[PDB]
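This document starts with one chain, in the form deposited in one PDB entry, laid out as structure tokens.
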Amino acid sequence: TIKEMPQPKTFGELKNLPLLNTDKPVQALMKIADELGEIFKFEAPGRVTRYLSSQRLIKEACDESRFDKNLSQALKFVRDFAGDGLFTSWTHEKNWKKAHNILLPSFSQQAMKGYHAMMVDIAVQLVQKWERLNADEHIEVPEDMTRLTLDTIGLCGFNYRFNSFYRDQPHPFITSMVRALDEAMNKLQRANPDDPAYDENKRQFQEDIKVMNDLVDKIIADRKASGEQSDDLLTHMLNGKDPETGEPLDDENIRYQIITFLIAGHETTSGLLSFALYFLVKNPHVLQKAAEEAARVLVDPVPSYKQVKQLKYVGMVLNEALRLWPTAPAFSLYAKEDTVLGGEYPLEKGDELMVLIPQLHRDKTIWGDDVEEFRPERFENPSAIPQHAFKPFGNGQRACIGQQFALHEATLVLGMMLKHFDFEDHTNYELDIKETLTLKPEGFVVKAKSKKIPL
């Protein structure tokens, strides 16, 4: 039976647009989904989209014969500096399939054996930082996790050291990247963007793009000028040929790929580690089980690749953090042809869908009544999970190319943190989720008491 779609409250001629005039739009859309259910229409002047929250409908949205990746307005604003890199390109652009074919082997689970030593380099810098704190001191969790994830992708990506553990103020490239990302996100709720009042924003945005291009173009030119073969993605991109076209990536597209990886490794991955540690300190029995696994498995001064693979419970902790607060919380699709969603909702070719991942991950028909509880054991038997119920890394050929990298890095770092320190929630931290490009537990702080185990 063809059904009328619910719609949240309207503001006359502005329709639903003012609902996203908020500093926590994902959390606002989750509350709307709680009220309206598995699908709702969102209208603004000149656009309509449909927000999906149920596994029943998202399993159909994930059918690549019926739906392809759409560039949200968010991605279109980020494309002004990420260009036709993998994340901000349409599936039909030549540079998407070329870069996908060239880079897939560099991002495989087996490729992680080659990045492992570099990931350990940065993970040891984090452990040494925390070992060197004085008794009276605390840890700023998202800040240190971001130092770690940014430095890991810089070193594994391009053999470039941001040296984030040597700094209070970000590296100048990172101040320009963060300010460009903040401008991109700010433009989503900026009425009259061509008001001369925004001339200062536009000048600054162009300066920040120039800072990013200048450093990345220099690193690519320097690498071509040296002939050096390294264990990094830049070597793979300079040498690689697409088997289909037989072509390599050009230097401009390589720059966009590097900027794309640095955005990804600065945002989503540090939020995963921040939320994982938040949930562990709030659930001491889970923390104890994870710490027991780390002590049993990590028997050497630094972890081996194989030891990280044997941190099964730590991997379940990470999946359970991704379930509750996935740090890339939505993605957009368009209908390839006219189609009916869920036997109830007719769509025309081109019609857009948004997948609200945190709400999908709270579908009680999948996870049961205890959906708000942090219970990593939910992931003990993943064959029991119905199709498309768990989507923190997106869908199909447009799924996260970085998934294996992100999870290897996070499992290694969290394993070492649990081996080396006991943790205290010394402030009884009240979760406050700040929304930018990503989600983070803003102001999350802990104390770490060394177990005095040498590296």
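Here, rigid core means the biggest group of C-alpha atoms that superpose within 1.5 Å across both forms. Numbers follow the displayed sequence, beginning with 1.
Here the stretch with the larger average CA B-factor, out of 110 to 118 and 178 to 186, is 178 to 186. Annotation for 271 to 279 versus 379 to 387: the higher mean temperature factor (C-alpha) is found in 379 to 387. Per the deposited coordinates, the residue with the largest Cα temperature factor out of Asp363, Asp151, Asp232, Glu293 is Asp232. Of the residues listed, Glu131, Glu140, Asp242, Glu200, the entry assigns the biggest Cα temperature factor to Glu200. Per-chain ranking of the deposited C-alpha B factor places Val297 in the middle third. Compared with the other modelled residues of the chain, the Cα B-factor recorded for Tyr160 ranks in the middle third. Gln169: CA B factor in the highest third of modelled residues in this chain (values from the PDB entry).
Ranked by Cα temperature factor within the chain, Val216 sits in the highest third according to the deposited record. In the PDB entry, a CA B factor belonging to the lowest third of its chain's modelled residues is recorded for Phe261.
Although not depicted, the form deposited in another entry is the subject of the following passage.
For the residues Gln310, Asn159, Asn213, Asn101, superposed on the rigid core between this form and the one not shown, a C-alpha shift of 2 angstroms or more shows up only at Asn213.
The Cα position of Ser176 differs by 2 Å or more between this form and the one not shown after fitting on the rigid core. A displacement of 2 angstroms or greater separates the C-alpha positions of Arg203 between this form and the one not shown, with the rigid core held in common.
Annotation for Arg190: C-alpha shift of 2 angstroms or more between this form and the one not shown, rigid core superposed. Between this form and the other one, the CA-CA gap for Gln109 and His388 widens by 3 Å or more, being larger in the other entry. Whereas the displayed form keeps them at a certain spacing, the CA atoms of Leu431 and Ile174 lie at least 3 angstroms closer in the other entry.
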